[PDB]
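First comes the structure, then the notes that go with it.
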Ligand SMILES: *[C@@H]1O[C@H](CO[C@@H]2O[C@@H](C)[C@@H](O)[C@@H](O)[C@@H]2O)[C@@H](O)[C@H](O)[C@H]1NC(C)=O
Ligand SMILES: O/N=C/c1cc[n+](COC[n+]2ccc(/C=N/O)cc2)cc1
Ligand SMILES: O/N=C/c1cc[n+](COC[n+]2ccc(/C=N/O)cc2)cc1
Ligand SMILES: *[C@@H]1O[C@H](CO)[C@@H](O)[C@H](O)[C@H]1NC(C)=O
Ligand SMILES: *[C@@H]1O[C@H](CO)[C@@H](O)[C@H](O)[C@H]1NC(C)=O
């Protein structure tokens with residue numbers, strides 16, 4: 004019995020496991036209940052705090068993954084399976100994990116809270132790419148990660164109802180955040196320096212905590228990687244959640267109370283089986299059950315909230331990877347695949363646009379096409395393929411990111427922006443996909459430091475740099491290395507200068523304007539074009 | 001006769017002519033100036049198509065330029081060379097249907113390629129007698145036969161009541177065509193080859209050139225064409241029949257005037280009266296719009312230039328087309344608040360948006376907003392230098408560059424051999440401010456060989472470059488190909504194709520080949536903007 008692996012939290016005692024990191028040991032406290040299991044009559048309901056327990060609770064192993072869809076497009080291919088559930092699926096899934104240095108820190112240590120993505124339909128804090136041991140051992144960080152309910156279980160809403168109020172998967176997150184405030188000092192964490200970080204849906208979730216007042220007393224800084232609360236995919240209107248929830252109910256054979271009661275009688279896979287049948291159009295980068303603009307957790311649309319918000323004493327780090335949209339093309343757009351170069355025709359490019367921008371009228375999709383076509387090389391298959399990925403990435407990530415960055419900067423936040431441009435040497439997806447969505451995470455988490463993983467020594471050095479920016483950001487709100495001099499410095503992003511930096515194997519480079527001309531199309535013109543059909 | 005110079009006496013279908021021996025830098029040229037080609041379109045012949053000139057008796061003196069067609073005289077900058085160089089330089093009269101011929105001296109041994117110039121001036125102005133159109137250098141240096149004609153402009157040339165007998169419209173184009181017929185019948189008398197005739201013109205003249213290409217009865221009268229900073233397609237070069245009728249009946253109201268009655272009353276009006284009100288009839292506050300222009304009548308133009316270029320067959324034709332570096336700057340100072348020749352014209356963002364409404368007067372609010380969003384630099388959305396240069400570009404692109412690119416593509420796709428250029432050299436003698444770059448019209452003195460006149464103050468480099476451009480223009484006239492046949496060491500000028508979209512820089516440096524004439528931006532104007540009009 005190691006005194007270092009025993010912790011008394013408010014609910015009772017816990018026993019961790021000493022793990023081996025390349026540099027030395029870390030303590031991990033995995034599978035901690037932070038809520039009552041949301042099972043039975045608690046399906047679709049806000050989480051309740053976990054009742055205290057007798058004895059010493061075994062926190063040496065990851066808990067179950069929230070009930071979700073398992074990917075089937077490329078069975079047994081690492082590039083897809085690396086995101087698939089790596090534990091048993093259960094609705095009993097509300098647990099969090101804590102890594103700390105060993106011995107546990109002498110003084111209060113900045114806390115990093117990770118919120119996974121997965122389109123609000125998938126994910127788990129147990130995936131190898133979210134391994135907290137490196138950040139804990141190398142940087143001295145206390146690292147936290149929670150499971151939150153995904154899919155229908157997290158986001159099925161009948162707005163204004165008592166029994167499916169919507170946004171419960173975000174309340175799961177808020178609860179883990181509260182758990183950290185109350186409990187993290189016992190692990191050596193500083194609850195007075197908490198930084199949220201997340202990628203994709205995790206980043207939009209982080210963005211919703213910025214925009215929801217009750218969340219604001221539970222963190223100090225935020226990192227949003229490749230996702231935003233604003234934009235076309237991260238929320239739905241109250242009317243449209245109602246539509247999709249009552250559609251799913253028809254599909255499984257089911265007065266709000268009557269309807270919800272019947273949905274609660276349904277086996278979990280029954281919900282998942284029909285989860286994708288409720289989207290209004292054939293689309294990609296669009297998810298059925300997502301946070302709803304309820305007038306509660308979200309008092310207005312994210313767009314409204316970022317336009318009028320006051321972000322006085324907030325610091326934010328945001329960025330994108332080089333090829334945000336490539337990954338999504340293989341899952342819906344005819345002519346695209348990982349098993350070849352995916353060289354498309356003009357006709358397939360026009361069809362792909364109607365799927366990547368499903369909300370577009372004829373005129374608006376034509377404006378997209380006429381903008382993304384290279385008029386010197388209009389029928390060139392390589393250009394057309396790359397433009398298709400660009401449409402998807404710009405519309406869904408880069409331009410929302412640029413819109414958020416600018417509003418936050420203008421409204422008194424401190425913002426730092428990046429583009430991640432290094433393609434993992436170990437990447438299993440083909441070259442044409444470039445640096446796809448999700449593929450910065452392994453570097454930020456420090457995975458190249460594990461020698462058995464086969465990364466180059468250059469990528470190990472680059473990981474160490476990224477871990478430093480991210481933890482310097484957590485410590486100080488400024489990602490710059492206070493010991494390093496000539497770097498060059500990473501400047502804050504502003505609406506005037508519009509400076510962001512390239513994260514790649516070369517030293518930092520400062521660039522201005524994150525797709526400025528193209529994003530003006532998406533953020534300024536396109537709305538005016540749709541709102542007159 | 002018997003005392004006169006034997007080489008200056010020539011007979012044409014209408015009678016005997018006496019010309020003048022002119023001095024060009026390299027030696028003498030023959031010039032036959034103010035040859036009447038029509039009956040004076042005066043009195044009851046106002047607004048009427050031209051009738052061929054009736055034969056005269058005795059020897060007609062063809063030693064001085066004739067009257068300039070009745071027109072507006074520019075007043076923005078009185079005394080300023082930059083504007084005055086374009087103003088009438090002979091008496092204004094409705095009796096103006098005369099043409100000019102320059103040939104080598106003595107006249108050429110064997111039949112010589114004929115170049116026919118058609119002046120610009122928005123269809124409301126121009127004269128073939130302006131200094132910048134002087135044919136003496138092309139004649140002397142290239143051995144060229146050069147013809148230029150006066151045609152009617154403004155209400156006199158283009159006021160139409162489409163369908164009427166008394167004002168059918170397009171008669172200014174009919175003057176041009178009559179002069180092309182005069183060349184077929186009579187140019188052999190001067191050593192000119194009627195089986196090798198090349199039209200060239202700039203701005204409205206280039207539009208004119210383009211309309212002879214699109215008009216069947218003109219096709220038998222010329223063989224090759226040069227369109228310089230102008231096209232028959234685009235937003236300014238024609239109006240619909242309904243719009244012409246509307247403009248004609250307003251002008252009529254303004255001067256106090265059944266179509267016969269209306270026109271009979273216009274014919275009783277002093278020329279100056281019509282001129283005094285012609286600008287008063289445009290539908291919006293605008294620049295690069297002209298009141299009285301070719302009308303889509305279903306006769307001279309059987310359909311819109313757009314319909315005809317898209318569906319035409321241009322098999323047996325070679326075309327040279329191009330643009331200057333700064334097509335729009337000139338137009339700004341006549342109508343966009345915040346722009347002047349006398350300062351740097353740095354404008355605010357508000358002055359930009361207002362200017363876009365004036366430069367694109369046919370645009371809805373959505374369309375104007377598209378233009379503003381496309382041309383804004385979103386790194387520096389409020390920078391006054393960028394906004395100034397963006398404003399110029401909007402106007403240049405909308406009216407010239409994108410119409411030209413549209414034309415070149417259609418023509419090339421449909422049988423014609425096409426060669427394309429951008430003219431990027433700014434005269435060392437230009438009187439317009441630096442900000443205006445290389446304005447509309449400021450290539451013409453180079454094609455015409457003016458720098459060769461040592462009394463004009465061009466650089467030696469400019470003399471050499473002028474000589475180069477005259478070689479290209481005349482090689483094109485000769486052979487439908489601007490490239491020197493012998494000289495293979497010079498860099499070549501490839502044809503423009505839809506596939507490769509190749510064009511050349513014209514500056515003091517050897518030809519450089521570039522690809523795509525504003526391809527991204529002209530997709531906005533040519534492909535997207537029309538569709539946003541339909542909403
Ligand atoms: C540049 O010029 C524009 C036109 O104003 C005219 O020319 C100048 C020299 C004035 O002094 C005035 O006499 C004329 O009406 C102006 O609208 C514009 O403000 C000027 N730009 C600046 C900032 O000087
Ligand atoms: O019940 N869920 C059904 C379902 C959910 C999602 N999809 C499509 O999701 C596949 N997908 C995986 C990863 C990605 C991008 N990852 O970065 C995009 C799309 C199909 C069916
Ligand atoms: O009767 N005519 C009246 C009238 C005509 C034209 N305008 C304005 O046009 C003057 N202008 C001259 C040259 C140019 C461009 N030249 O390249 C643009 C505008 C005012 C009144
Ligand atoms: C790649 O594969 C898909 C389907 O398996 C196919 O539609 C496409 O034509 C292929 N791409 C290329 C390079 O032709
Ligand atoms: C050109 O230069 C001469 C000689 O210096 C000068 O006197 C004359 O006025 C100039 N002429 C023109 C055409 O401007």
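Chains as they are written, first to last, in PDB author numbering: chain B, 4 to 257, 265 to 543; chain A, 1 to 257, 265 to 542. Note that CB positions come from ideal geometry on N, CA and C, so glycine has one too.
Nearest-angstrom Cα separation, counted from residue j out to residue i
{"i": "residue 510 (chain B)", "j": "residue 454 (chain B)", "result": "18 Å"}
{"i": "residue 339 (chain A)", "j": "residue 80 (chain A)", "result": "17 Å"}
{"i": "residue 458 (chain A)", "j": "residue 162 (chain A)", "result": "44 Å"}
{"i": "residue 445 (chain B)", "j": "residue 351 (chain B)", "result": "15 Å"}
{"i": "residue 464 (chain B)", "j": "residue 268 (chain B)", "result": "55 Å"}
{"i": "residue 377 (chain A)", "j": "residue 386 (chain B)", "result": "22 Å"}
{"i": "residue 419 (chain B)", "j": "residue 319 (chain B)", "result": "11 Å"}
{"i": "residue 62 (chain B)", "j": "residue 383 (chain B)", "result": "54 Å"}
{"i": "residue 82 (chain A)", "j": "residue 439 (chain A)", "result": "6 Å"}
{"i": "residue 110 (chain B)", "j": "residue 484 (chain B)", "result": "16 Å"}
{"i": "residue 190 (chain A)", "j": "residue 184 (chain A)", "result": "12 Å"}
{"i": "residue 57 (chain B)", "j": "residue 99 (chain B)", "result": "19 Å"}
{"i": "residue 21 (chain A)", "j": "residue 308 (chain A)", "result": "40 Å"}
Outcome for residue i when other beta-carbon atoms lying within 10 angstroms are tallied against a minimum of 16
{"i": "residue 332 (chain B)", "result": "buried"}
{"i": "residue 477 (chain A)", "result": "buried"}
{"i": "residue 506 (chain B)", "result": "exposed"}
{"i": "residue 252 (chain B)", "result": "buried"}
{"i": "residue 128 (chain B)", "result": "buried"}
{"i": "residue 469 (chain B)", "result": "buried"}
{"i": "residue 341 (chain B)", "result": "exposed"}
{"i": "residue 91 (chain A)", "result": "exposed"}
{"i": "residue 69 (chain A)", "result": "buried"}
{"i": "residue 26 (chain B)", "result": "exposed"}
{"i": "residue 413 (chain B)", "result": "buried"}
{"i": "residue 89 (chain A)", "result": "exposed"}
{"i": "residue 538 (chain A)", "result": "exposed"}
{"i": "residue 381 (chain B)", "result": "buried"}
{"i": "residue 528 (chain A)", "result": "buried"}
{"i": "residue 471 (chain A)", "result": "exposed"}
Residues near residue i in its chain [Cβ-Cβ closer than 6 Å; skip 5 each side]
{"i": "residue 349 (chain B)", "result": "none"}
{"i": "residue 164 (chain B)", "result": "266"}
{"i": "residue 47 (chain B)", "result": "159 and 167"}
{"i": "residue 498 (chain A)", "result": "517 and 518"}
Same chain only: Cβ atoms within 8 Å of residue i, ignoring 5 sequence neighbours per side
{"i": "residue 355 (chain B)", "result": "345, 389, 391 and 394"}
{"i": "residue 43 (chain B)", "result": "274"}
Per-residue contacts from residue i into chain B (C-beta, under 7 Å)
{"i": "residue 417 (chain A)", "result": "What residue 417 (chain A) touches in chain B: nothing, since even the nearest Cβ is about 15 Å away."}
{"i": "residue 373 (chain A)", "result": "538 and 542"}
Residue i: contacting residues in chain B (beta-carbon distance under 9 Å)
{"i": "residue 31 (chain A)", "result": "Residues of chain B passing the Cβ test: none, with the nearest at roughly 47 Å."}
Close Cβ partners of residue i (< 7 Å) along its chain, the five nearest in sequence each way excluded
{"i": "residue 7 (chain B)", "result": "30, 105, 106 and 107"}
{"i": "residue 278 (chain A)", "result": "70 and 94"}
{"i": "residue 435 (chain B)", "result": "465, 466 and 469"}
Under 7 Å from the C-beta of residue i: neighbouring residues of chain A
{"i": "residue 508 (chain B)", "result": "386"}
Chain-ordered neighbours of residue i on chain A, where CB pairs are closer than 8 Å
{"i": "residue 523 (chain B)", "result": "385 and 386"}
Beta-carbon neighbours of residue i, restricted to chain B and to distances below 8 Å
{"i": "residue 380 (chain A)", "result": "530, 531, 534 and 535"}
Review point. Using Cβ-Cβ distances below 7 Å, what residues of the region 384-395 of chain B are close to chain A?
Key: Answer set for the region 384-395 of chain B: 385 and 386.
Review point. If contact means a Cβ-Cβ distance below 8 Å, which residues of the region 526-538 of chain A contact chain B?
Key: Listed by position along the chain: 526, 527, 529, 530, 531, 534, 535 and 538.
**Study point:** Selection of the region 346-378 of chain A by Cβ proximity to chain B, strictly under 8 Å
**Key:** Listed in sequence order: 373, 376 and 377.
Review point. What are the residues of the region 105-124 of chain A that lie near chain B, defined by any Cβ-Cβ distance shorter than 9 Å?
Key: Within the region 105-124 of chain A, no residue has a Cβ that lies closer than 9 Å to any Cβ of chain B.
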